[PDB]
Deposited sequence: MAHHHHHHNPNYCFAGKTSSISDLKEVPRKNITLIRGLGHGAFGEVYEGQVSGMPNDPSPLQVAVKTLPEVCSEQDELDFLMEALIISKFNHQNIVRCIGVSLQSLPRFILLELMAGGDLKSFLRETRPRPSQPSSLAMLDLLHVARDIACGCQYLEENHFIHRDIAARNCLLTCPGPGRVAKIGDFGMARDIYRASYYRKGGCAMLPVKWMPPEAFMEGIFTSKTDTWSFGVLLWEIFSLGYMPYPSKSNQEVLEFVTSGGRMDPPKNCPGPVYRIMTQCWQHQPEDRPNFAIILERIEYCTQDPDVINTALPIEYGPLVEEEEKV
């Protein structure tokens, strides 16, 4: 059984809350290991470990259970418990009915049918929610390493939605692989060049997430491959503003993408700037593009 340290304290597999398998019912697949919607009545997302896997896969699975169970913050998905004493093994997460952020943005883009389905303020609230999660990780000296829209979840589709960081598979791998798998489009130069990760790693990635949000779910660096992005960013290149993106919001992005990690803002500053954007009528009165 592997050890794990967060906020100082060390924990073990024994500290995980084991839920009796009989209390757990699977309802439907969500996507593929496989994840199901389930009930324990508490509604849960059930992350499963394939019964056919390597011992490294097992260790990875246990470790992410330890990681998520030890966080306590409103913008990080909760772990209800685990079921490790039956096969296949389960990790039980808070079921975020809004689904993942990237799908949400893609499916909820304003259109002729729904012209105002989404507004700038909705995007700013998502951005603020995730930044608050990142600030919590930063102040607890946890480096996420893969801050990206695909790794965020929403509590519901409607205006009251809350965004949370929902996946920690990358930080898990490095805590203990391939180049064409590293999220190079979300990584700062010192990360993909030198393998150096610091709190300022997540700041850069958050800038890219910001772009994903205000582009409404487009893939970063449109039309560029990983290697072209690597060379582009290493040469000082940066993404243009998303369509209709207010200057104050783009400015947050460009500050997140400063070449020197020391020149990039910490998350307390990012949150201050996101707050200012939400107060600025010129920002929130800006209409999102309508997709025909």
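S.K.: Counting from residue 1 of the deposited sequence, where are the gaps with no C-alpha coordinates?
M.R.: Several regions go unmodelled: 1 to 8, 41 to 43, 52 to 59, 196 to 201, 318 to 327.
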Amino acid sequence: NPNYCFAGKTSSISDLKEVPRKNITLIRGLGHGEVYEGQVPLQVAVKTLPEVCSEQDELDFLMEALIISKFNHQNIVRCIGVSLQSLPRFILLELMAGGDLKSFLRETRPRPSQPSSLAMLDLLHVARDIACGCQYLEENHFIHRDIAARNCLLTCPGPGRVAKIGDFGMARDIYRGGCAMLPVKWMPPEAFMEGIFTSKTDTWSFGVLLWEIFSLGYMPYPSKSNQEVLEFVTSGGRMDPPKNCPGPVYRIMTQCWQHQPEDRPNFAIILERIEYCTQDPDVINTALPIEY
From here on, numbers count along this sequence of modelled residues.
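We call the rigid core whatever largest set of C-alpha positions still superposes within 1.5 Å between the two forms.
S.K.: Which of the two stretches, 106 to 114 versus 135 to 143, has its Cα atoms farther on average from this form in 5 other deposited structures of this protein when everything is superposed by the rigid core?
M.R.: More C-alpha displacement in 5 other deposited structures of this protein shows up in 106 to 114.
S.K.: Please work out whether 153 to 161 or 115 to 123 has the higher root mean square C-alpha deviation in 5 other deposited structures of this protein relative to the shown form, with the rigid core as fitting region?
M.R.: With the rigid core fitted, 115 to 123 is the stretch that strays more in 5 other deposited structures of this protein.
S.K.: Does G177 have no coordinates in at least a third of the other PDB entries examined?
M.R.: In at least a third of the comparable entries (those modelling both sides of it), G177 has no coordinates.
S.K.: Comparing 191 to 199 with 106 to 114, where is the mean C-alpha B-factor higher?
M.R.: Mean CA B-factor is higher for 106 to 114.
S.K.: Test of understanding: from the entry's C-alpha B-factors, which stretch has the higher mean, 144 to 152 or 163 to 171?
M.R.: Higher mean C-alpha B-factor: 163 to 171.
S.K.: Select one of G247, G237, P265, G29: the residue whose C-alpha shows the highest B-factor in the crystal structure entry.
M.R.: Checking the PDB record, the top C-alpha B-factor among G247, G237, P265, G29 is at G29.
S.K.: From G81, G217, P157, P88, which pick has the Cα B-factor that tops the rest in the entry?
M.R.: Checking the PDB record, the top C-alpha B-factor among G81, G217, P157, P88 is at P157.
S.K.: State the tercile, meaning the lowest, middle or highest third, of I252 with respect to the CA B-factors recorded for its chain.
M.R.: Lowest third of the chain for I252's C-alpha B-factor.
S.K.: Among the modelled residues of its chain, does the C-alpha B-factor of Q227 lie in the lowest, middle or highest third?
M.R.: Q227: CA B-factor falls in the middle third of its chain.
S.K.: For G178, does the deposited CA B-factor place it in the lowest, middle or highest third of the chain?
M.R.: Highest third of the chain for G178's C-alpha B-factor.
S.K.: Sorting by Cα B-factor within the chain, modelled residues only, which third would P242 end up in: lowest, middle or highest?
M.R.: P242: CA B-factor falls in the lowest third of its chain.
S.K.: State the tercile, meaning the lowest, middle or highest third, of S69 with respect to the CA B-factors recorded for its chain.
M.R.: According to the entry, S69 has a C-alpha B-factor in the chain's lowest third.
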